[PDB]
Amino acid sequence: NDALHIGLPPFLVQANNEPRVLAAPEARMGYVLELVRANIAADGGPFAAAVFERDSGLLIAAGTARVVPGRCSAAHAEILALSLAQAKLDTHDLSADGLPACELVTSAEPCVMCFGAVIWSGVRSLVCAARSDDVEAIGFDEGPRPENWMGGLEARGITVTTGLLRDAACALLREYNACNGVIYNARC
């Protein structure tokens, strides 16, 4: 017990190693939804997120839910993405002087933990696919965020957009739920 060490599965190493620029919001979210499918095939939850330079679309880092495989309840996709972006740029603050403005693109609206992390991270933009109710409907709790948490973010200069590629994101939620049972199903 010498470090907090959350191992990344190969696909997520690959994501974090390959340079990649995606200009349009849909292109960014498209990529994030590819990572959700790959994470569900690597024994993780149906959640992914990536940090992008807001104005160039350069991918800085990506993360996925590794709570179960990584034995770590803090290892939400958003935490991983934000933290790996910080390690890559060698700073705890993604708004530090001389950094480009960063945006977090996430497959679902953040839970209350991740809401706080977004606030501390220095990102200036949050872009979500699935809504909070979508996530809760398949048994993933978002927990008690403050009243008007979106407004809370905007008051901090963090822009919020939600519902982007929401249909595809919901299809991935439903796919994970249908394959999260103990009875073997070869189609899973």
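Start at 1 and count along the sequence shown; that's the residue number.
The PDB entry records a higher mean C-alpha B factor for 171-179 than for its counterpart among 171-179 and 9-17. Stretches 118-126 and 145-153 differ in mean C-alpha B factor, with the higher average recorded for 145-153. Note on the listed residues 47, 31, 140, 52: the highest Cα temperature factor in the record is that of 140. The top Cα temperature factor in the record, among 41, 35, 60, 67, falls on 41. The deposited CA B-factor of residue 96 belongs to the highest third of values across its chain.
The PDB entry assigns residue 135 a C-alpha temperature factor belonging to the highest third of its chain's modelled residues.
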